[PDB]
Amino acid sequence: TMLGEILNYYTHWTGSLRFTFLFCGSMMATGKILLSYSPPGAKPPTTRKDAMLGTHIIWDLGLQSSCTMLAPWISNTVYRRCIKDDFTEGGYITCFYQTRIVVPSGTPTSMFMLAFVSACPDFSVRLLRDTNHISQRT
Amino acid sequence: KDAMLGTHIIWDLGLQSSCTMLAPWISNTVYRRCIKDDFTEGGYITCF
Amino acid sequence: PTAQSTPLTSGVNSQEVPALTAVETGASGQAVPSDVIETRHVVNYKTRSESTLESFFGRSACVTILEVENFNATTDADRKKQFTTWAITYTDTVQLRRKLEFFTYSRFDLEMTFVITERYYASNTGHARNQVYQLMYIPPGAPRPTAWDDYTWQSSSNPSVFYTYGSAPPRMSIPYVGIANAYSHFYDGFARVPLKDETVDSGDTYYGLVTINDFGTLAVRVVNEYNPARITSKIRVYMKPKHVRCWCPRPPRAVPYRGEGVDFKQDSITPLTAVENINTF
Amino acid sequence: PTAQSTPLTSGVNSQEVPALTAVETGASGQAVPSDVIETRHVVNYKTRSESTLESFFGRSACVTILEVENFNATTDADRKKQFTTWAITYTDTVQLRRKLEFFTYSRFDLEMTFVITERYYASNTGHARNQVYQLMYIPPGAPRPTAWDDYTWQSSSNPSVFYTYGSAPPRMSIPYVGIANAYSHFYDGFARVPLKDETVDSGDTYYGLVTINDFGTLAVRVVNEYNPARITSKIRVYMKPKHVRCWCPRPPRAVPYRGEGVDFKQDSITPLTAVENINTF
Amino acid sequence: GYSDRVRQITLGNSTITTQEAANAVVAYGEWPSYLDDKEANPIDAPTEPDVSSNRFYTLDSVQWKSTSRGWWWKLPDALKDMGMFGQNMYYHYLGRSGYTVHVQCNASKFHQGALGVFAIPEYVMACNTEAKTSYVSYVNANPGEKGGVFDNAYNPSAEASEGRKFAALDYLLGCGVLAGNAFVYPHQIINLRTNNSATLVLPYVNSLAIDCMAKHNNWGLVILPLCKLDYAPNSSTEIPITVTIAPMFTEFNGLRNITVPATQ
Amino acid sequence: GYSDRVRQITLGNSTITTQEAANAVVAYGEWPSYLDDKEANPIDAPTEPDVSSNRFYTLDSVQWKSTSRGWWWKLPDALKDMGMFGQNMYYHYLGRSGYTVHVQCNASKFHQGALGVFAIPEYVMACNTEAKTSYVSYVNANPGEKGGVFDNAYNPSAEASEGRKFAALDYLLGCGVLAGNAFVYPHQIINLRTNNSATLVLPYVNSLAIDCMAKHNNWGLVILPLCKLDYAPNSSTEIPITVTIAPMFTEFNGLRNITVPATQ
Amino acid sequence: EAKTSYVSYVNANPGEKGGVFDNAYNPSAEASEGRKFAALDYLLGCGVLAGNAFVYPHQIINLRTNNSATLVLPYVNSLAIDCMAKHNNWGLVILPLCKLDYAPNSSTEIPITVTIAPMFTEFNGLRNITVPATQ
Amino acid sequence: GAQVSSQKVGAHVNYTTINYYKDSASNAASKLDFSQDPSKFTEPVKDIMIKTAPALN
Amino acid sequence: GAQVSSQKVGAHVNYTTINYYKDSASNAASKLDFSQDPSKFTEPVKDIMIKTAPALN
Ligand SMILES: CC(=O)N[C@H]1[C@H]([C@H](O)[C@H](O)CO)O[C@@](O)(C(=O)O)C[C@@H]1O
Ligand SMILES: CC(=O)N[C@H]1[C@H]([C@H](O)[C@H](O)CO)O[C@@](O)(C(=O)O)C[C@@H]1O
Ligand SMILES: [Ca+2]
Ligand SMILES: [Ca+2]
Ligand SMILES: [Ca+2]
Ligand SMILES: [Ca+2]
Ligand SMILES: [Ca+2]
Ligand SMILES: [Ca+2]
Ligand SMILES: [Ca+2]
Ligand SMILES: [Ca+2]
Ligand SMILES: [Cl-]
Ligand SMILES: [Cl-]
Ligand SMILES: [Cl-]
Ligand SMILES: [Cl-]
Ligand SMILES: [Cl-]
Ligand SMILES: [Cl-]
Ligand SMILES: [Cl-]
Ligand SMILES: [Cl-]
Ligand SMILES: [Cl-]
Ligand SMILES: [Cl-]
Ligand SMILES: [Cl-]
Ligand SMILES: [Mg+2]
Ligand SMILES: [Mg+2]
Ligand code: NA
Ligand code: NA
């Protein structure tokens with residue numbers, strides 16, 4: 001992602017992450033979707049009844065096409081590391097049907113949503129470094 | 001280890017001979033009944 | 001100036017719905033945590049100091065490795081090893097190039113630094129006296145050397161730096177020298193319009209910035225005449241953009257470069273590693 | 001500000017008994033000579049200047065010795081001698097470590113200094129031109145070199161110092177770079193919580209600061225290509241904490257270290273020499 | 001721009017959106033609140049868990065079919081195993097709570113049906129044996145998040161021991177009153193042509209300031225199909241109903257060891 | 001009454017209406033404008049053709065299918081044969097222009113799909129031979145109003161002479177970057193359930209005040225199906241995409257005989 | 001001595017039972033058998049002399065003087081807040097500085113009881129419950 | 001012609017700059033510029049969007 | 001921006017400092033800080049203990 005690519009020039013990050021979802025079914029499709037952020041240190045959620053104990057939003061599909069779920073800054077350290085690291089693990093984002101998607105006849109029964117990520121205004125990075133995303137033969 | 005999760009006092013024996021433990025008023029109803037009654041049960045006093 | 005503090009907020013039960021939007025508008029999501037959770041007050045003293053363009057670009061990056069030698073040359077090939085010429089570019093290496101290419105246009109002054117290293121080619125050919133290097137900037141149009149000791153090295157007008165081996169890495173500043181109001185990192189076009197029924201070749205013409213860019217030539221020699229011992233040298237060229245402005249952000253390079261253009265290589269266009277499942281933590 | 005002067009005092013015959021106390025309280029003894037003897041007036045002009053934390057830590061201490069070589073490498077093992085990488089730590093040596101470990105937490109800027117030395121591996125393989133060294137700081141996540149001449153050394157963003165053999169020891173300052181509000185010298189914990197019935201290995205996991213600390217890597221090379229004469233180099237790394245604050249004092253290390261943790265060695269846990277008698281002057 | 005149909009609700013770390021609401025009900029016109037010193041009863045400093053517990057918990061979804069007779073839950077019973085709300089409830093003798101109830105049911109402009117959504121104070125229901133009166137087991141009265149279903153038939157048990165469950169008879173609201181009069185209780189209707197959600201904000205309701213949550217449910221939540229689900233291309237279609245409930249202004253007294261109710 | 005969904009745009013003798021818009025984008029927050037004396041370069045009195053050229057030109061429509069990988073155009077290339085704009089462009093050495101881009105795609109409340117509509121400054125694309133770099137013919141780079149299409153496969157030519165066209169590989173945006181990051185460029189989405197049009201207002205963007213329009217395209221217009229077209233009654237259905245573009249604040253310098261570019 | 005810093009989570013986190021010191025150090029033959037603390041009394045289980053433990057906040061229970069010790073502890077860390085399930089902020093050490101002696105019965109035992117109240121507790125990052133490994 | 005400016009804070013004041021060269025290109029790094037306007041990229045919309053209001057009315 | 005400060009006395013005046021660098025981390029040693037409060041370690045008791053009074057009354 002654009003955020004991921006910028007973070008790979010830095011060692012440290014802090015702040016809130018914004019996840020925005022765009023439903024791209026037909027206008028005739030309805031539904032309720034649960035979007036959850038579970039801060040770390042417990043069983044990763046694989047069921048709605050565990051996911052809904054964390055930070056979450058119930059998204060009602062409708063005229064407003066898009067729903068924003070926040071992963072608010074919830075961390076022991078003041079910065080997390082821009083690497084896979086148990087000590088600065090960030091937790092778990094999951095998604096469940098709250099009801100289900102319902103369509104009438106003559107309507108696609110399968111469809112998609114798009115997920116976007118961006119940094120919030122509380123977000124900053126430190127300690128410039130080379131990225132592992134570009135290299136050349138020698 | 002169950003008793004110490006409730007309201008409790010640790011009494012050190014010494015020159016002051018006496019220790020007061022309170023059962024503070026903690027009830028659903030505004031009054032309890034002066035009979036044996038599940039609904040107005042008052043709870044448990046223990047000592048270890 | 002600091003990154004955003006978090007205000008104290010409790011819950012809502014309201015016709016105000018900051019959690020919903022419509023990204024069809026071209027607006028990104030805008031909601032912040034205080035819009036969708038109960039928040040405490042947190043004073044944010046942290047700053048975005050290290051992600052300003054000056055901070056992001058504030059590094060000397062290696063952009064090329066040049067080679068020159070000093071020995072008694074008896075063939076045309078060996079005479080051409082006594083000096084080197086390099087068309088000035090940031091496309092010989094990938095790291096600084098990729099950072100610049102977050103942007104379409106830029107304006108900056110340049111700090112150029114050089115690291116010069118030597119080794120003996122052989123033992124039992126005696127030794128070599130300490131070498132002086134000439135690095136001559138040849139702007140477009142100025143005559144290019146054809147030998148290490150031709151007239152061009154007198155450098156009456158071209159800037160030259162004379163570097164003594166073992167001294168501090170040499171360094172100089174270059175102004176913003178662009179003939180436009182900014183440098184173009186990308187140019188969607190050609191150097192000339194090919195016209196109806198002209199006889200000019202259209203089969204071997206190029207496209208983009210390579211057709212219009214010319215920052216001149218760096219020429220390097222060892223000033224010393226040959227010793228019995230052949231010495232081989234590397235000159236590493238470093239660039240730091242300073243006093244930086246940039247315009248029109250771009251997605252960064254996701255796959256290997258294969259030259260000076262945006263072209264990609266058929267065996268290297270799969271940057272993502274497939275996940276086992278859409279549900280993999 | 002000076003250490004305490006002694007007041008003029010004579011004797012006492014009093015219900016005031018400053019000689020007695022009760023250290024069960026957790027208070028140390030407080031009595032001073034004027035409490036228990038007749039004292040003259042002595043003006044104390046002496047100061048505790050040299051035992052401030054800045055004074056105690058105000059020294060460049062050797063923290064490691066690195067090795068690099070420059071020769072024509074024909075095997076994988078010999079190619080790996082052309083550069084070195086070192087995880088930055090103060091635990092390779094004992095002297096600075098023991099001083100820091102008087103404290104639980106610290107905050108300081110760092111002066112890093114390097115001493116670079118060479119010797120000829122052999123005679124009758126000729127000579128070697130003066131060598132330039134690159135010392136590259138690789139922050140966690142930045143790509144680590146696999147060869148002395150790979151792309152990582154172009155160092156567009158990583159800080160590098162180019163050092164010319166025979167020049168003044170190179171030196172730079174590092175800010176307080178901790179991701180916490182202080183450095184932890186001791187961490188009574190783990191990097192992750194192992195959870196009920198998880199399949200993750202619990203048999204080969206570690207404990208303490210080693211599970212969470214990462215100050216990145218120092219990579220060193222000789223920039224020069226090989227001479228006929230093999231040159232072997234040592235790089236001594238020096239650290240001086242400056243602008244120092246420390247918290248939560250600790251008993252100092254009483255027995256030899258045996259690694260990065262607080263572990264002790266069975267043959268080295270008897271620091272005291274037994275006295276002949278409790279009555280030995 | 002602002003609409004009776006479009007709403008955001010944020011409590012703690014949880015947000016709900018709806019784009020096809022029909023206003024929102026505040027039961028008896030009263031927002032929940034903390035217990036005032038002038039109405040207080042237990043004298044210990046209460047626990048007010050705030051954002052840990054006062055947040056949206058989503059129950060297991062149920063399926064609305066053309067044959068469904070309806071669904072019931074009790075509160076706080078439905079939330080007794082929900083995160084820190086459940087822990088605070090069972091570690092204390094006493095608790096009080098308001099709620100935001102958000103019932104979710106979307107379909108299409110071609111579906112039809114209407115759900116009555118009722119919040120009922122002291123929702124006492126009939127037992128299923130005529131050998132006894134008021135003869136319901138704790139376990140059957142307190143099903144938790146699964147709740148229960150209504151039936152359109154009353155078949156009381158041959159033996160008293162087999163009838164210790166609710167006779168949840170739809171048209172008598174499981175309690176001997178006509179379902180058509182349930183509108184005297186705080187309610188919304190989810191009429192699929194109009195709206196896809198119901199929102200009810202409930203104050204604490206009781207004859208006491210605070211009570212034993214593990215003994216006593218303050219509210220029933222009833223969802224009755226007033227008009228059956230119909231969909232012309234498939235009369236056997238099912239659409240989910242999802243219930244999401246946030247405790248509000250939670251306050252607990254009488255801390256001790258944890259309550260672990262009988263499961264049989 | 002006024003709505004983010006309902007818009008009228010009038011330029012010269014041309015008007016667009018939409019009743020299902022989603023606001024409008026002004027690229028980098030900057031409306032186009034004429035070139036100020038304090039930023040000017042060529043010194044001849046410029047031609048400002050105004051209403052003759054600064055008006056909506058409708059390109060040939062393209063068909064969106066379930067198998068479409070997307071479409072690209074360059075500007076001012078796409079408008080080079082459009083009325084008096086084309087004549088002013090080719091009679092002058094130098095030109096600058098902003099644009100109103102209006103992308104049109106209607107369907108039904110039963111169709112689904114999403115188009116990303118991106119305006120890309122200096123939209124440089126990869127060539128289709130690995131024997132050379134930056135090896136694209138003028139004719140293939142400048143297709144005019146027909147534009148080009150993306151592919152989901154990269155098949156570079158055996159011979160350099162056969163590969164002098166763009167490798168318009170969809171997921172690399174035809175230029176070695178991931179398409180998911182195209183949102184850093186000024187954009188809208190046509191999501192068929194929400195909107196039937198995208199409107200982008202573009203200022204002149206270049207490292208110069210004014211440039212050779214016949215040599216240099218300032219903008220790429222990219223339309224990518226982010227979510228494929230789907231329609232349950234006919235998966236093979238096609239719906240048109242129509243592109244209508246108005247030059248704005250056009251200014252030309254260096255009048256001479258007309259430029260007639262090579263066609264082969 | 002086959003490894004460094006080699007302690008299992010379960011042995012590091014015994015809970016209310018705590019652990020005991022020993023006056024002998026007997027490191028394990030096999031690395032897998034030595035993943036517990038070497039709680040050697042005179043080195044305070046950490047390679048420093050126990051006589052210097054008085055630099056830490058302390059009291060002494062000297063039976064002739066007192067029957068209790070009270071220590072009030074602020075939060076101490078290099079962070080404002082941290083993962084309690086990963087990281088212990090404080091150790092509590094009780095060392096017999098002078099051995100228990102009772103003339104009528106040298107084998108007598110007297111209880112030591114530890115009572116601890118958390119104070120000014122504050123928690124962030126609510127989710128599902130952490131259930132640590134027990135083996 | 002000495003400039004005295006605030007240093008970037010460390011673990012636990014001011015610094016002095018004199019320019020030695022007649023060309024600004026010779027100067028050290030530009031002073032920290034905290035300017036930003038993310039909205040030109042994150043919200044480049046013609047009509048104001050109020051977060052609490054519907055995006056489409 | 002020269003600082004003039006007292007030197008540490010020798011066998012038998014002032015010195016001048018100018019900071020040359022934009023980062024405080026570059027600066028020479030912190031000035032002598034004679035701050036101390038031994039009582040936080042030597043006497044961290046809740047109730048004041050007067051030396052002349054009994055420690056336990
Ligand atoms: C660049 C290189 O490899 N040079 C090597 C030379 C060349 O092979 C010459 O051809 C023969 O001297 O040979 C050596 O044995 C030598 O001269 O001592 C080692 C030296 O490193
Ligand atoms: C590091 C070391 O011990 N080097 C020694 C070498 C090596 O043994 C080589 O293998 C053979 O030259 O041998 C010497 O006799 C030499 O070359 O003059 C002495 C030299 O100090
Ligand atoms: Ca909104
Ligand atoms: Ca809020
Ligand atoms: Ca020469
Ligand atoms: Ca005393
Ligand atoms: Ca005296
Ligand atoms: Ca080398
Ligand atoms: Ca609270
Ligand atoms: Ca005109
Ligand atoms: Cl070299
Ligand atoms: Cl010359
Ligand atoms: Cl130029
Ligand atoms: Cl995976
Ligand atoms: Cl050496
Ligand atoms: Cl290099
Ligand atoms: Cl750190
Ligand atoms: Cl002795
Ligand atoms: Cl339950
Ligand atoms: Cl055309
Ligand atoms: Cl325990
Ligand atoms: Mg449950
Ligand atoms: Mg045409
Ligand atoms: Na702030
Ligand atoms: Na004194």
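Reminder, nothing fancy here: chain letters follow the sequence lines and each chain counts from 1.
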Inter-chain contacts: residues 84-102 of chain E against chain A, heavy atoms under 4.5 Å: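 So the qualifying residues are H102(E).
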Residue by residue, scan residues 61-69 of chain E and write down, ordered by number, those that have a heavy-atom distance under 4.5 Å to chain A; if none do, write 'none'.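 Interface residues of residues 61-69 of chain E: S61(E), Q63(E).
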Rounded to the nearest 0.5 Å, what separation is found between the [atom1] atom of [X] and the [atom2] atom of [Y]?
X: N196(E); Y: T30(A); atom1: CG; atom2: OG1; answer: 6.5 Å
X: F110(E); Y: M28(A); atom1: CZ; atom2: CE; answer: 4.5 Å
X: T58(E); Y: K32(A); atom1: OG1; atom2: NZ; answer: 10.5 Å
X: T18(E); Y: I58(A); atom1: OG1; atom2: CD1; answer: 12.0 Å

Do other residues, nucleotides or ligands put more than 12 heavy atoms under 6.0 Å from the [atom1] atom of [X]?
X: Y97(A); atom1: OH; answer: no
X: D81(E); atom1: CG; answer: no
X: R80(A); atom1: CZ; answer: yes

Do the non-hydrogen side-chain atoms of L61(A) and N106(E) ever get within less than 4.5 Å of each other?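 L61(A) does not reach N106(E) side chain to side chain.
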Sub-4.5 Å side-chain heavy-atom contact between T17(E) and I57(A):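 A side-chain contact exists here, since the closest heavy-atom pair is under 4.5 Å.
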Selection from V51(E), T237(E), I16(E) maximising heavy-atom pairs under 4.5 Å formed with chain A: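 Maximum pair count with chain A is reached by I16(E).
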Quick one: which of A21(E), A107(E), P233(E), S14(E) has the most heavy-atom pairs under 4.5 Å with chain A, could you say?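 With the most close heavy-atom pairs to chain A, the winner is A107(E).
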Could you report the tightest heavy-atom contact between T99(A) and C105(E), atom names first, then the distance?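 Reported closest heavy-atom pair: CG2-N, 4.3 Å.
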Against chain E, work out which of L53(A), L34(A), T68(A), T107(A) has the most heavy-atom pairs shorter than 4.5 Å and name it.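 Going by pairs under 4.5 Å, I would pick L53(A).
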Determine the option with the most heavy-atom pairs under 4.5 angstrom with chain E, choosing from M27(A), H56(A), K49(A).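 Most heavy-atom pairs within the cutoff with chain E belong to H56(A).
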Is it the backbone or the side chain of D60(E) that comes under 4.5 Å from a heavy atom of chain A, or both, or neither?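 Backbone plus side chain of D60(E), per the 4.5 Å heavy-atom cut-off to chain A.
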Contact origin within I239(E) toward chain A - heavy atom pairs under 4.5 Å: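 Contact with chain A: backbone and side chain both.
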Evaluate the side chain to side chain contact (heavy atoms under 4.5 Å, CB included) criterion for residues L63(A) and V6(E): first the C-alpha distance (whole Å), next the side-chain angles of each, then the deciding distance (0.1 Å), finally the verdict. CA-CA 9 Å; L63(A) 293 177; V6(E) 184; over 6 Å; no
